[PDB]
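Q: Sending over a structure as structure tokens; questions will come in a sec.
Here, each number is a calculation from the coordinates, and none is a lab measurement. For neighbour counting, all protein chains shown are included, and Cβ atoms are generated from backbone atoms with ideal geometry for every residue, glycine included.
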Amino acid sequence: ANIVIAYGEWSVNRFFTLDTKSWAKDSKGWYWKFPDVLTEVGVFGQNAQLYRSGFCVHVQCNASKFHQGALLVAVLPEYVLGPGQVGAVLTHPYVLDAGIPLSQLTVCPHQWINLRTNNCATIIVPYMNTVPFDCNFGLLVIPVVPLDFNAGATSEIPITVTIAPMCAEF
Amino acid sequence: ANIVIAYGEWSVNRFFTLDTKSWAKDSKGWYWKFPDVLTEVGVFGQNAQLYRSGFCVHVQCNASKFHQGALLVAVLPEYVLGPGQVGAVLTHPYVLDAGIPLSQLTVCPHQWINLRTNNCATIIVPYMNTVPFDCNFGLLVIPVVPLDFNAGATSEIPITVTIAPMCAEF
Amino acid sequence: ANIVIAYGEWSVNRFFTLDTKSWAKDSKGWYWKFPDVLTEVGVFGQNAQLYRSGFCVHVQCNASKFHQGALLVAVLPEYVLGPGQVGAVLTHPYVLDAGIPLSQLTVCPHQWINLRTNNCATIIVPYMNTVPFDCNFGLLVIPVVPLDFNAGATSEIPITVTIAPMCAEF
Amino acid sequence: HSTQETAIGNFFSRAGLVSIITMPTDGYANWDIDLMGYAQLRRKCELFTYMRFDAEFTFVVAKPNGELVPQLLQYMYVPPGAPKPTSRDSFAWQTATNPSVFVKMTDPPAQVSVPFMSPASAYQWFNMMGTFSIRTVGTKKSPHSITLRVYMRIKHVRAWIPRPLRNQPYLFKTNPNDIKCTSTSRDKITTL
Amino acid sequence: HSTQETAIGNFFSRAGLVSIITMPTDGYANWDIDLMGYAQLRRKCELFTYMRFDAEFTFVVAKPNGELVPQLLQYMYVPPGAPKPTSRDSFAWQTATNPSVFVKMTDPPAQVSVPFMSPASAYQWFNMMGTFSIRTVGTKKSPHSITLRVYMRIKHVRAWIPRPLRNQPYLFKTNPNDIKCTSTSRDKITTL
Amino acid sequence: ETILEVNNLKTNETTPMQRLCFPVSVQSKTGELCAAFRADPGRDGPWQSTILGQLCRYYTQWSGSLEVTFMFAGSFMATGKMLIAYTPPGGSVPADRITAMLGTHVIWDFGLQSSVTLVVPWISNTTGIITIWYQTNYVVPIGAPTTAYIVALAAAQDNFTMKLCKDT
């Protein structure tokens, strides 16, 4: 019952799997911009070229019990800075390149990813806009605690993101 | 039924006995400041270092029938001038060192101590403050009539003050 | 249901935590003498200067799964040799400095502490004396099996002792 | 006679002049709120310890000679803890949390009301409601001398702990510091 | 304390100064409507994404020295998309679909209200309500310097999508573009 | 809940990312003080980064109860105990571990429970002392990391009230 519903309320149907990011000790963070990053994926590849859909995202990390670290996943409606399946990399993870500090990032719906007790987390968010039929929201995954491990172990910890759209009206 | 209730309305439980003041012909007056003077007494000695309590004070004077005189005991909420079990001594009993005349001192709750018909008096006062959990009030005992006696009698008349806290919430 | 009742029968209330002893490979053992060691702890600090109380003691050891070893905890009424929160150290753990062999120590109420399947143990003992109102009993914790570990691990395994007095009549 | 005139409410009801502010040919004057400013209304409140009252203020503006000029002035209230303006062009005058009253000299005197500002349940006389600020609008000086007087009423009077009055004259403002007899004298006891 | 003071409505309720307009000895000044004009009231609205609010405006006119002169001025609102006046004698001032408010300097400040102007359901901060126009009536210049200030309130506040505040200082007006720590420091960890 | 900054130092100014968490290592012995910070939501300090401390800047009088949450991002096979003590307002800083046990305290063992909630009883502005003491030394096996980080979170309760709006 770790399902996190955003803001308390709720061949097209299938599980889309994005690329697996390599997350190392010296890394910073990654972010995806929905729907735009998903428009090139699968059935939506030829579909995008109005849309009303809810989004169910799953963030899973496969790591052994010998590592340590923590991530933070969140959903920020209308995230504007101040992109393909590769996403991008934040050059200033403290301000998230928004000029907005990282400590207050938890105001938005979030779930804590801790390599100790939990290997996976998910966030169910609905469609939120002033106009019902239309860069809706970005997905921010940044480590709070950097990775530390003894020599001889695996230096890269894969992070996968699977998108499962629910209640899609095109 | 000489019990005087202030303003018409109402191992920690025991009788605390303060020092006995020597009251002579040339004296002026004494005053105690609650709770501060009581904080060094008995169980409250280590307790004071918020408090909500009612205070029941007893003023008793032991004197023979050959003497004469009268005292005045009163309770003044937030008495500020303009201290240990020894208390202090008023240098100007007329203004009570407040610049406030002695004749109007009877506006506050009081009981007359007259060496003729009564050897003891008591005043029951509750806790009065703007903030319920916090120098609340001073105790003014000053003679109106000085002592006069024939030679050969006892020149000092002891005055004892016993504190009996009632309804104490710490 | 690992609770061990001694001999088959049963602001003052709170959990007192003693110091954490560092237990290494070359160590021998420690012992505490109740009530005397507890008299300087917390509320009992000013209380001790007759007592009737039952004692509930908890012995917990925090160790990883890579170590190995076993302890022995016991309650010996009127343990006399032949002390502050620091306790003491047995110079001859075989005779326990009583001239009494260690192999028979299990006659008294005891529970086996084995770093394999159990990280904690407790013993509930009542007050036992010829006079009901009065060095009642000592607490003997000595390893049967010494510690052995590979290089690179933590050489000190903390051992904590928490005292929870139950049915205390002063 | 009825009991309505001697009631606690009608005793503090009448208005009084609590301040005098004069601006020479400065530009701004900051005046702290105090009821102890003058002898009257002071002795009256020392009769009691705890007092709970709403405050009503009146802003009357004029010149030294009394003639009125069509000049716009600003009346601002500064809550307790807020920074005081250091000049006319400073930032405190554009602050949104500081209420302002824009009135002219031809505009009849404005009336503002200040609720109970203390964190406790009542004031203790034995008390800071904040301070004011007043300036002439514009980035340039105004070639008119402004002398204003502030009237203060008291609404919803509540009283507790009656205290004996002070017979001796007052020395300092913040402390009730040659003793004087509270009554007159006469040459003999039996004389009338 | 009650929940009425910390409510969303009372947080944006207090008025503020959103503009400063000065006319030297020009004749007309066009000012665009923006809530981002000053530091205050700006940081507050970036706490939220979607906001739906009515706008209340206040027109206060005066001179640089503060004295008032019996001069008639015109206050016109220009809806979004309408052409802006290029001069005082132009056609935009006689346009019937542009509302006007005729007030004098002795006339106490007028108050106008602007409804919700956006085609969407709410504003997006991460917003143009139109522009104003102001001129002195008549075909000739007015020999008086006019310096006016516009006050703006917010009525019927609605909020959605709470966002984290911006710790870094603002750079430009239209974009949230040397990183600064959001908190102070100390020499050790165990020091108080 | 939001993240506070307990790691605030002059050295961490160049790399603000290390400010989020504070280290715990095997070198620390029993009885040492890991971190100590006062909690006033308004004043500048560890509470300036949270959203609560920022909203308390627009207001003068605030009061209520608070909550502090800790998180352990360390390795899974690591075990150890941590003392979390709170000194009542108006007291003194605890000198050692034994003097902080007499007050409000909670035993936090990350070998089983990974987080706890410390409730500050009362605060007023017209402060408390939160200290983190070492109970047992950090126990690590071979191959496991010898240094762990703990992230501190905090959130206001329902009884927290505020009034007298003042801009800054």
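Q: Each label point is 7 Å from the Cα along the Cα-to-Cβ direction; what then is the distance between the points at residue E:86 and residue F:43, in nm?
A: 6.4
Q: Is the protein assembly as shown rounded, prolate or oblate when judged by the Cα gyration tensor, a ≥ b ≥ c being the square roots of its eigenvalues, rounded requiring a/c under 1.5 and prolate requiring a/b larger than b/c? It would help to have the intermediate numbers written out before the result.
A: Numbers: a/c = 3.08, a/b = 1.04, b/c = 2.95.
It comes out oblate by the Cα gyration axes.
Q: Further question: Among D:65, D:169, D:80, flag the residue with its Cα farthest along the positive direction of the charge dipole of chain D, charges on Cβ as +1 for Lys/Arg and -1 for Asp/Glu.
A: D:169
Q: In which sequence would A:169, C:156 go, from the one with the fewest C-beta neighbours within 10 Å to the one with the most?
A: On the way: A:169 11, C:156 20.
If I rank by nearby Cβ atoms, fewest first, I get A:169, C:156.
Q: Cut-off 12 Å, label point 7 angstrom out along Cα-to-Cβ of residue F:142: give me the residues of segment C:135-170 whose amide nitrogen falls inside.
A: Inside the label zone: C:149-154.
Q: How many nm separate the modelled label positions at residue C:166 and residue E:36, each set 7 Å beyond the Cα in the direction of the Cβ?
A: Placing both labels 7 Å along Cα→Cβ, they lie 6.8 nm apart.
Q: OK, next. Hey, with R₀ at 35 Å, roughly what FRET efficiency would residue D:21 and residue E:144 work out to, going by the Cβ-Cβ distance, to 0.05?
A: E between residue D:21 and residue E:144, to the nearest 0.05, is 0.75.
Q: Name all residues of segment A:128-165 having a backbone nitrogen under 15 Å from the label point set 7 Å from the Cα of residue A:58 along its Cα→Cβ direction, giving them as ranges.
A: A:159-165
Q: Nearest 500 deg cm²/dmol is fine: what mean residue ellipticity at 222 nm does chain D get from its DSSP H runs of n ≥ 4 alone, each adding -39,500 (n - 2.57), divided by its residue count?
A: Roughly -500 deg cm²/dmol at 222 nm, from the helical runs in chain D.
Q: Just want the ordering: D:47, E:171, B:38, from fewest to most Cβ atoms lying within 10 Å of their own Cβ.
A: If I rank by nearby Cβ atoms, fewest first, I get E:171, D:47, B:38.
Q: How big is D, in µm² s⁻¹, for chain E by Stokes-Einstein at 37 °C and 0.692 mPa s if Rh is the Kirkwood radius over C-alpha pairs?
A: The estimated diffusion coefficient comes to 168 µm²/s.
Q: Between residue C:89 and residue D:181, what is the label-to-label distance in nm when each label sits 7 Å out along the Cα-to-Cβ direction?
A: Here the answer is 8.8 nm between the modelled labels.
Q: Work out the FRET efficiency for residue E:94 and residue A:46 from their Cβ-Cβ distance, taking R0 = 56 Å, and round it to the nearest 0.05.
A: Here the calculated transfer efficiency is 0.50.
Q: May I pose another question? Under 11 Å from a point 7 Å along the Cα-to-Cβ line of residue D:128: which residues of segment D:28-53 have their amide N that close?
A: Output list for this probe position: D:32-33.
Q: How much FRET efficiency would the formula 1/(1 + (r/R0)^6) give for residue C:65 and residue C:5, where r is the Cβ-Cβ distance and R0 is 25 Å, rounded to 0.05? Please list the in-between numbers first.
A: Working: r = 30 Å, r/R0 = 1.19.
It comes out at approximately 0.25.
Q: At a temperature of 37 °C and a viscosity of 0.692 mPa s, determine how fast chain A diffuses translationally according to Stokes-Einstein, using the Kirkwood radius over alpha-carbon pairs as Rh; express D in µm²/s, rounded to the nearest whole number.
A: 194
Q: For every other residue with a beta carbon closer than 10 angstrom to the beta carbon of residue D:72, add +1 if it is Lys or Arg and -1 if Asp or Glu, then tell me the sum.
A: 0
Q: Related question: Counting other beta carbons within 10 Å of each Cβ, put C:80, D:69 in order, fewest first.
A: In order of increasing Cβ crowding within 10 Å: C:80, D:69.
Q: Please compute the volume of the convex hull spanned by the alpha-carbon atoms of segment A:2-41 and report it per residue in Å³.
A: So the per-residue hull volume is 168 Å³.
Q: Right, something else. For the protein assembly as shown, give the magnitude of the charge dipole about the Cα centre (Cβ charges: +1 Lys/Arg, -1 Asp/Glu; no others), in debye to the nearest 20. Each step should come with its number before you reach the end.
A: Values: 78 positive and 68 negative charges, 600 e Å.
Result for the protein assembly as shown is approximately 2880 debye, rounded to the nearest 20.
Q: Right, something else. Please give me the summed charge of the neighbours of residue E:13: other residues whose Cβ is under 11 Å from its Cβ, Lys and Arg +1, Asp and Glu -1.
A: Neighbour charge sum, excluding residue E:13 itself: +1.
Q: Excluding residue D:93 itself, what net charge comes from residues whose Cβ is under 13 Å from its Cβ, given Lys and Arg +1 and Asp and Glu -1?
A: +2
Q: What residue among B:162, B:135, D:97 has its Cα farthest toward the positive end of the dipole of the protein assembly as shown, where the charges are +1 on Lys, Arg and -1 on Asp, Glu, each on the Cβ?
A: About the Cα centre, the residue reaching furthest to the positive side is D:97.
Q: How large is the convex hull of the C-alpha atoms of segment A:26-74 per residue, in Å³?
A: In segment A:26-74, the Cα convex hull volume per residue is 132 Å³.
Q: Further question: What is the mean number of Cβ atoms from other protein chains located within 10 Å of the Cβ atom of each residue in peptide D:104-116, rounded to a whole number?
A: Working: counts 7, 2, 2, 2, 0, 0, 0, 0, 0, 0, 0, 0, 0.
Rounded to a whole number, the mean comes out at 1.
Q: At q = 0.16, 0.17, 0.19 Å⁻¹, what log₁₀ I(q)/I(0) does a Debye calculation on the Cα points of segment F:20-154 give, no solvent, two decimals?
A: The computed values of log10 I(q)/I(0) come out as -0.85, -0.95, -1.13.
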